[PDB]
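Scroll down for the structure; my scribbles are underneath it.
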Amino acid sequence: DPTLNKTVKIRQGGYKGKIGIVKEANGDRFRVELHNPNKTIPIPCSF
Amino acid sequence: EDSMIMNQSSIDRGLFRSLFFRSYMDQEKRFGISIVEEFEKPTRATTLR
Amino acid sequence: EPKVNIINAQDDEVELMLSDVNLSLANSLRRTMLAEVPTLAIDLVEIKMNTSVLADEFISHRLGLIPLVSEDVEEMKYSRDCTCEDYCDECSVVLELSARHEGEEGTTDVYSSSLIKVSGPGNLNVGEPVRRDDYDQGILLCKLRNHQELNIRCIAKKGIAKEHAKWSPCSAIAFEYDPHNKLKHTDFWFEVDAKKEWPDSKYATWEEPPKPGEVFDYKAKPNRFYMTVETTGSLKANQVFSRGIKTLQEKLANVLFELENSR
Amino acid sequence: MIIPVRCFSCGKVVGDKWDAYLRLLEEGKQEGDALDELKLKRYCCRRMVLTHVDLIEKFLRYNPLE
Amino acid sequence: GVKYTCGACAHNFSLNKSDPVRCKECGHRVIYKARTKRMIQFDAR
Amino acid sequence: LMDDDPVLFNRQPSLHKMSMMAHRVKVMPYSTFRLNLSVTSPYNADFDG
Amino acid sequence: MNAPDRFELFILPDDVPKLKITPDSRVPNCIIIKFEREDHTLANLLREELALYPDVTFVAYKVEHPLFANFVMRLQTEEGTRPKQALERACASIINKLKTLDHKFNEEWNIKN
RNA sequence: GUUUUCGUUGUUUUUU
Ligand SMILES: [Mg+2]
Ligand SMILES: [Zn+2]
Ligand SMILES: [Zn+2]
Ligand SMILES: [Zn+2]
């Protein structure tokens, strides 16, 4: 999947307005790392 | 039993909040006049493991 | 039944006589104002570049600690509620600070006044940096030296002290009642005597000192309480009082709405 | 190293008063007296500034790389 | 290519992994890299 | 590892059999092991580190 | 690194209701209320108002554990009154008392200035 | 396309 390793930010949800990067995209579900928190969270592709 | 109960908000106000710093080191190594190590972004096709 | 008699009121503080009410209710309302008051503080701190001597996160934290004029925080939505992609002006505010020290000698003391309301859900009187006085630069923010520039762009969002203490609108909120221990709700430690060893409450005047031979009334209950409603400046002690009352009221209304809906 | 923004205990904003507090110090006004001037009654507040140590200048003393 | 800077004279210069690493302007033998070009955030909490 | 699951429990030095036990899992957030305050006696320990 | 989120202290998840009922079979006309996203502020306030009611046999709440934004209460209104009705009664009573104090404080702030 | 790896031995320090 070449749509990874790119800057990604959230449009809606509980962490709306946070920058992040994509690491693992097994399928139809995207896991993203965040900058201010030292944590990585899942989220559907569409958000 | 020496278990401490603290003001949450004071920590929200950063009381006793401390820094950390970690310094690393690296350097290119020489295996010989003609053989050294190279600082690069390795591509998979060239380097392995 | 509930009663109010302001002893001393101010922009920052409201000191009043709340009586004819319950101890539990007074504590709950105090909690409501202290923690259950949504407010606006610097949340998303973003550096275009920096040259100062302090950790970027340290500056960001100190920025969040800044009270902001939050009169219309009642009006602007939470960022989470808004459905717009990314933020919009109706769900967040844009400020900016960008300070530089020029000159090989000296030190440019960056001040909160340097923070400026770039945007915000106008005409909401929000996002304005709070200051003791207009001539008051505000809280000292940073010190920039020779060849030390600072450019930053932050985004604040409406939130509650429960979420983070930066949203605490009230700097402090005291409490008491029955300063004479008429209800005997406390046992007074002493070596010779509590009376001659203990000071007297500032509100002691409002209640007579119990008579020597007076027999204890186990029907005595907490009725008259004493209060001062401090605000960190983001809002008025009267506005804080009213808004905390309204928040408690909305919570109760929602609770009863759930009572009827779940049934 | 700098003045705290607020009072840890209660959260009273304190950073602004520092410069004013320092000015009060300049004339040797007694610690307690100056504290009183600043309308800083709660020793929860008084404590930091009474024993607050400021050392950012020592960082400014260092020649910045740029 | 990449932007660097000296520690003594305070000047930015770019090498291309070919020039031996020495200050291009004051000969100081210690260089450094500069900030990145991506934007930074902070929760300020 | 699901809650209430039996698991071992071992502290040092293990002078006697009561020095160790097995417990039912109760997962919570935060990164410390939480113990009913009575268990300490055989463990002869406090929260001093 | 295992610490829970702060913003969830007040956010109710969709799948769970803000409140949860459960009748207490062990004694007559006694229910159990499971709470979410609430603390002493509402708990004690509702509890005291209800305890002032005469038509209540039993009522008591407790927080199972501070780390979780959820507690429980065991109410028992006497035979005539089912617990839920006395609960909404206390809700309305506190609503009106708070509104009374609100208008009173409006008046007192207005006059004081 | 599945698959897939970092060293030792010492030292000294503290950790109860
Ligand atoms: Mg020990
Ligand atoms: Zn929006
Ligand atoms: Zn204080
Ligand atoms: Zn140079």
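By convention here, the chains of the structure tokens are called A, B, ... in the order presented, each chain's residues are numbered starting at 1, and ligands are numbered starting at 1 in the order presented.
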Tell me which protein, DNA and RNA residues are within 9 Å of residue 39 in chain B, counting only C-alpha atoms (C1' of nucleotides), leaving out same-chain ones fewer than 3 positions away, and put them as a PDB file with N, CA, C and O atoms, in the first residue's frame.
```pdb
ATOM      1  N   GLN B  27      28.895   6.845  13.990  1.00  0.00           N
ATOM      2  CA  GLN B  27      30.002   7.300  13.166  1.00  0.00           C
ATOM      3  C   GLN B  27      30.320   6.225  12.144  1.00  0.00           C
ATOM      4  O   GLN B  27      30.236   5.028  12.428  1.00  0.00           O
ATOM      5  N   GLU B  28      30.691   6.669  10.949  1.00  0.00           N
ATOM      6  CA  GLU B  28      31.114   5.734   9.924  1.00  0.00           C
ATOM      7  C   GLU B  28      32.406   5.053  10.353  1.00  0.00           C
ATOM      8  O   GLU B  28      33.324   5.683  10.884  1.00  0.00           O
ATOM      9  N   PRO B  42      19.364   3.366   3.235  1.00  0.00           N
ATOM     10  CA  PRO B  42      19.517   2.161   2.406  1.00  0.00           C
ATOM     11  C   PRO B  42      18.245   1.833   1.643  1.00  0.00           C
ATOM     12  O   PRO B  42      17.138   1.901   2.187  1.00  0.00           O
TER      13      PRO B  42
END
```
Please, which residues have at least one atom within 9 Å of an atom of ligand 1, using only C-alpha atoms (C1' of nucleotides) and all ligand atoms, listed as a count of residues only?
7
List the neighbours of range 3-19 of chain G out to 7 Å using only C-alpha atoms (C1' of nucleotides); skip same-chain residues closer than 2 positions along the sequence, and give me the result as a list in words.
residues 162 and 163 of chain C; 29 and 30 of chain F; 1, 21, 33, 34, 35, 36, 37 and 69 of chain G
Output for the residues just chosen: N, CA and C atoms as an mmCIF file, in the first residue's frame:
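The result, written out as selection_21.cif:
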```cif
data_model
loop_
_atom_site.group_PDB
_atom_site.id
_atom_site.type_symbol
_atom_site.label_atom_id
_atom_site.label_comp_id
_atom_site.auth_asym_id
_atom_site.auth_seq_id
_atom_site.Cartn_x
_atom_site.Cartn_y
_atom_site.Cartn_z
ATOM 1 N N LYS C 162 -12.873 19.755 33.986
ATOM 2 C CA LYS C 162 -12.815 18.302 34.100
ATOM 3 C C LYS C 162 -11.879 17.714 33.055
ATOM 4 N N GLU C 163 -11.932 18.241 31.832
ATOM 5 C CA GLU C 163 -11.037 17.776 30.782
ATOM 6 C C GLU C 163 -9.594 18.178 31.069
ATOM 7 N N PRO F 29 -6.594 0.564 33.570
ATOM 8 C CA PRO F 29 -5.537 1.384 32.967
ATOM 9 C C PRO F 29 -4.447 1.711 33.972
ATOM 10 N N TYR F 30 -3.498 2.555 33.573
ATOM 11 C CA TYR F 30 -2.328 2.882 34.381
ATOM 12 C C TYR F 30 -1.419 1.667 34.519
ATOM 13 N N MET G 1 1.209 5.629 30.113
ATOM 14 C CA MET G 1 1.069 4.928 28.805
ATOM 15 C C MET G 1 -0.165 4.025 28.816
ATOM 16 N N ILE G 21 -31.168 1.402 34.757
ATOM 17 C CA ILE G 21 -32.061 0.986 35.829
ATOM 18 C C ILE G 21 -31.864 -0.498 36.087
ATOM 19 N N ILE G 33 -29.798 1.958 40.317
ATOM 20 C CA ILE G 33 -29.464 2.858 39.223
ATOM 21 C C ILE G 33 -27.963 2.793 39.013
ATOM 22 N N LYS G 34 -27.555 2.353 37.833
ATOM 23 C CA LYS G 34 -26.156 2.361 37.430
ATOM 24 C C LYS G 34 -25.923 3.684 36.712
ATOM 25 N N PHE G 35 -24.861 4.377 37.102
ATOM 26 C CA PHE G 35 -24.586 5.719 36.621
ATOM 27 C C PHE G 35 -23.375 5.713 35.704
ATOM 28 N N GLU G 36 -23.360 6.657 34.772
ATOM 29 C CA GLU G 36 -22.231 6.856 33.882
ATOM 30 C C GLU G 36 -21.924 8.340 33.781
ATOM 31 N N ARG G 37 -20.634 8.659 33.795
ATOM 32 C CA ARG G 37 -20.170 10.017 33.530
ATOM 33 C C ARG G 37 -20.719 10.994 34.564
ATOM 34 N N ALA G 69 -15.825 6.604 35.391
ATOM 35 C CA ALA G 69 -16.888 7.608 35.427
ATOM 36 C C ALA G 69 -18.233 6.890 35.423
#
```
Which residue, E:13, E:1, E:28, E:18, has the smallest gap to ligand 4 when you use only C-alpha atoms and all ligand atoms?
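Checking each candidate against ligand 4, we get E:28 as the closest.
Between CA of residue 148 in chain C and CA of residue 100 in chain C lies a distance of 6.0 Å.
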Just the number, please: distance in Å from CA of residue 190 in chain C to atom 1 (Zn, counted along the ligand's line) of ligand 3, one decimal.
28.2 Å
Which residues, written as number ranges by chain, have at least one atom at most 7 Å from residue 45 in chain G, with only C-alpha atoms (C1' of nucleotides) counted and residues fewer than 5 positions away on the same chain left out?
C: 24-25, 28
List all protein, DNA and RNA residues that have at least one atom no more than 12 Å from any atom of ligand 4, counting only C-alpha atoms (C1' of nucleotides) and all ligand atoms, and write them as a PyMOL selection string.
(chain D and resi 65-66) or (chain E and resi 4-13+21-32)
For ligand 3, collect every residue having any atom at a distance of at most 9 Å from a ligand atom (counting only C-alpha atoms (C1' of nucleotides) and all ligand atoms); output as a ChimeraX atom specification.
/C:171-172 /D:6-14,40-47
May I ask you to extract the residues of chain E within 10 Å of chain A, using only C-alpha atoms, and to give them as a ChimeraX atom specification?
/E:38-45
Environment of ligand 2 within 12 Å, counting only C-alpha atoms (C1' of nucleotides) and all ligand atoms, reported as a ChimeraX atom specification
/A:11-13,16-17 /C:76-93,120-121,157-158
Selection file, C-alpha atoms, as a PDB file, in the first residue's frame:
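Full text of selection.pdb as output:
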```pdb
ATOM      1  CA  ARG A  11     -11.728  15.762  10.107  1.00  0.00           C
ATOM      2  CA  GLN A  12     -14.242  14.329  12.600  1.00  0.00           C
ATOM      3  CA  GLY A  13     -14.288  12.292  15.799  1.00  0.00           C
ATOM      4  CA  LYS A  16     -10.767  16.141  15.449  1.00  0.00           C
ATOM      5  CA  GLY A  17      -7.917  18.386  14.317  1.00  0.00           C
TER       6      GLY A  17
ATOM      7  CA  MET C  76     -19.406  28.486  20.289  1.00  0.00           C
ATOM      8  CA  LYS C  77     -19.728  24.738  19.793  1.00  0.00           C
ATOM      9  CA  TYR C  78     -17.278  22.126  20.936  1.00  0.00           C
ATOM     10  CA  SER C  79     -14.871  21.209  18.162  1.00  0.00           C
ATOM     11  CA  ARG C  80     -16.062  17.598  18.351  1.00  0.00           C
ATOM     12  CA  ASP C  81     -19.697  18.588  17.787  1.00  0.00           C
ATOM     13  CA  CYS C  82     -18.980  20.507  14.584  1.00  0.00           C
ATOM     14  CA  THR C  83     -19.263  18.342  11.461  1.00  0.00           C
ATOM     15  CA  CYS C  84     -17.031  20.511   9.252  1.00  0.00           C
ATOM     16  CA  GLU C  85     -13.907  18.907   7.848  1.00  0.00           C
ATOM     17  CA  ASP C  86     -10.983  20.037  10.013  1.00  0.00           C
ATOM     18  CA  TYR C  87     -12.018  23.015  12.173  1.00  0.00           C
ATOM     19  CA  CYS C  88     -14.096  25.991  11.163  1.00  0.00           C
ATOM     20  CA  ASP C  89     -14.436  29.433  12.694  1.00  0.00           C
ATOM     21  CA  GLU C  90     -17.627  28.252  14.439  1.00  0.00           C
ATOM     22  CA  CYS C  91     -15.867  25.404  16.288  1.00  0.00           C
ATOM     23  CA  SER C  92     -12.440  26.900  17.070  1.00  0.00           C
ATOM     24  CA  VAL C  93     -10.559  30.200  17.177  1.00  0.00           C
ATOM     25  CA  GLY C 120     -12.772  33.353  16.041  1.00  0.00           C
ATOM     26  CA  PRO C 121     -16.507  32.834  15.686  1.00  0.00           C
ATOM     27  CA  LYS C 157     -11.037  25.046  21.633  1.00  0.00           C
ATOM     28  CA  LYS C 158     -13.894  25.209  24.108  1.00  0.00           C
TER      29      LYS C 158
END
```
Do you have the CA of residue 132 in chain C-CA of residue 110 in chain C distance handy?
16.5 Å
DSSP on the backbone: which residues in chain B end up as alpha helix (DSSP H)? Give the answer as a ChimeraX atom specification.
/B:8-12
Determine which residues of chain E DSSP labels as strand (DSSP E or B) from the backbone of this structure, then write them out as a ChimeraX atom specification.
/E:4-6,12-13,31-33,42
Within 10 Å of chain D, which residues of chain C show up? Give each one with its shortest atom-to-atom distance in Å (one decimal) and the two atoms involved, counting only C-alpha atoms, rows by chain then rising residue number, as a Markdown table.
```
| residue | atom | partner | partner_atom | distance |
| --- | --- | --- | --- | --- |
| C:51 | CA | D:66 | CA | 8.4 |
| C:52 | CA | D:60 | CA | 8.9 |
| C:53 | CA | D:59 | CA | 6.5 |
| C:54 | CA | D:56 | CA | 8.5 |
| C:61 | CA | D:5 | CA | 9.4 |
| C:62 | CA | D:5 | CA | 6.2 |
| C:63 | CA | D:5 | CA | 8.6 |
| C:64 | CA | D:5 | CA | 9.4 |
| C:65 | CA | D:5 | CA | 6.1 |
| C:66 | CA | D:5 | CA | 7.3 |
| C:67 | CA | D:13 | CA | 8.2 |
| C:106 | CA | D:60 | CA | 9.4 |
| C:107 | CA | D:60 | CA | 8.0 |
| C:111 | CA | D:16 | CA | 8.8 |
| C:112 | CA | D:16 | CA | 9.1 |
| C:131 | CA | D:16 | CA | 8.7 |
| C:132 | CA | D:16 | CA | 8.6 |
| C:136 | CA | D:16 | CA | 8.1 |
| C:137 | CA | D:16 | CA | 8.0 |
| C:138 | CA | D:16 | CA | 5.5 |
| C:139 | CA | D:16 | CA | 3.8 |
| C:140 | CA | D:16 | CA | 5.5 |
| C:141 | CA | D:15 | CA | 8.2 |
| C:142 | CA | D:2 | CA | 8.8 |
| C:143 | CA | D:56 | CA | 8.1 |
| C:144 | CA | D:60 | CA | 8.1 |
| C:145 | CA | D:60 | CA | 6.4 |
| C:146 | CA | D:64 | CA | 7.5 |
| C:147 | CA | D:66 | CA | 5.8 |
| C:148 | CA | D:66 | CA | 7.4 |
| C:149 | CA | D:66 | CA | 9.9 |
| C:165 | CA | D:11 | CA | 8.2 |
| C:166 | CA | D:11 | CA | 8.3 |
| C:168 | CA | D:11 | CA | 7.8 |
| C:169 | CA | D:11 | CA | 9.1 |
| C:170 | CA | D:11 | CA | 8.1 |
| C:171 | CA | D:12 | CA | 4.8 |
| C:172 | CA | D:10 | CA | 5.3 |
| C:173 | CA | D:10 | CA | 8.6 |
| C:230 | CA | D:12 | CA | 9.4 |
| C:231 | CA | D:12 | CA | 8.7 |
| C:232 | CA | D:12 | CA | 6.2 |
| C:233 | CA | D:13 | CA | 8.8 |
```
What are the residues of chain G that have an atom within 7 Å of an atom of chain C, counting only C-alpha atoms, as number ranges by chain?
G: 6-7, 9, 41-42, 44-45, 48, 88, 91, 95, 97-98, 100-102, 104-105, 108
Selection: 8 Å around residue 49 in chain G, only C-alpha atoms (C1' of nucleotides), excl. self and same-chain fewer than 6 positions, as a list in words:
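Selected residues are residues 90, 93 and 94 of chain G.
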Residues of chain B at most 10 Å from chain D: nearest atom pair and distance in Å, only C-alpha atoms, as JSON lines:
```
{"residue": "B:7", "atom": "CA", "partner": "D:9", "partner_atom": "CA", "distance": 7.8}
{"residue": "B:8", "atom": "CA", "partner": "D:9", "partner_atom": "CA", "distance": 9.8}
{"residue": "B:9", "atom": "CA", "partner": "D:8", "partner_atom": "CA", "distance": 7.5}
{"residue": "B:10", "atom": "CA", "partner": "D:8", "partner_atom": "CA", "distance": 4.4}
{"residue": "B:11", "atom": "CA", "partner": "D:8", "partner_atom": "CA", "distance": 7.5}
{"residue": "B:12", "atom": "CA", "partner": "D:8", "partner_atom": "CA", "distance": 8.4}
{"residue": "B:13", "atom": "CA", "partner": "D:8", "partner_atom": "CA", "distance": 5.6}
{"residue": "B:14", "atom": "CA", "partner": "D:8", "partner_atom": "CA", "distance": 7.5}
{"residue": "B:15", "atom": "CA", "partner": "D:8", "partner_atom": "CA", "distance": 6.2}
{"residue": "B:16", "atom": "CA", "partner": "D:8", "partner_atom": "CA", "distance": 9.8}
```
